[PDB]
Structures are given as structure tokens and as C-alpha cells.
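Report on one structure; see the data block that follows.
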Amino acid sequence: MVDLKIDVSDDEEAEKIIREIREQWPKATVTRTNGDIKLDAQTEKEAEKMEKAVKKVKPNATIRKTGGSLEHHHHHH
């Protein structure tokens, strides 16, 4: 699981976040809340696609990405 919280400054784009996520991922918990979008990804790659689908509405989308994985630096280039 990857924590994805998408800031939303407008109502219509917030609608577009929900549609562009849930059309591919019906299981993706999208909690519509005036101010943000509370979203949960399954894996890191899944998050890469999810946050990208948001960026298909808004390229400079401020997305709060927490957790994902404890990327072990000895196993990291």
C-alpha cells in the first residue's frame, strides 16, 4: 500500500481525479473531501500510474506520497 493524498483547488478537476482513477481502478479508495483526495495505491508501480492519472488532469499536481516501501539503501543503486 502507498499513501497518495492529492491536493484539489477546484471542484470540477476533483471530479476528474475521481473519474480518471476509478475508471482503471474501481477498488481504489477515493475519498472526495473539499480540499484533498484521500487515495490508496496497492504497490509503488501502482502509485506511479495513479499519481500520473491525476497529472493527466493537472501536470503540476501536488501529491502527498507517504510509505510505499522502506527502500533498503544497500539494495539501492
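Counting from 1, one number per residue, gives the positions in the sequence shown under the entry's author numbering. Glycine included, every Cβ here is placed at the ideal spot set by N, Cα and C.
Beta-bridge pairing of residue 10 - partner residues as DSSP gives them
Per DSSP, none; premise fails for residue 10.
Taking only three categories from DSSP, how would you classify residue 41?
DSSP places residue 41 in strand when its eight states are reduced to three.
With distances taken between CB atoms, is the gap from residue 36 to residue 1 smaller than 8 Å?
At a Cβ-Cβ threshold of 8 Å, residue 36 and residue 1 do not count as neighbours.
Residue nearest to residue 70 in terms of C-alpha spacing, selected from 58, 44 and 51:
Residue 70 has its Cα closest to that of 44, out of 58, 44 and 51.
Going along the chain, which residues of its own chain have a beta-carbon closer than 8 Å to the beta-carbon of residue 47, five neighbours each way excluded?
Here the set comprises 2, 4, 41, 65 and 68.
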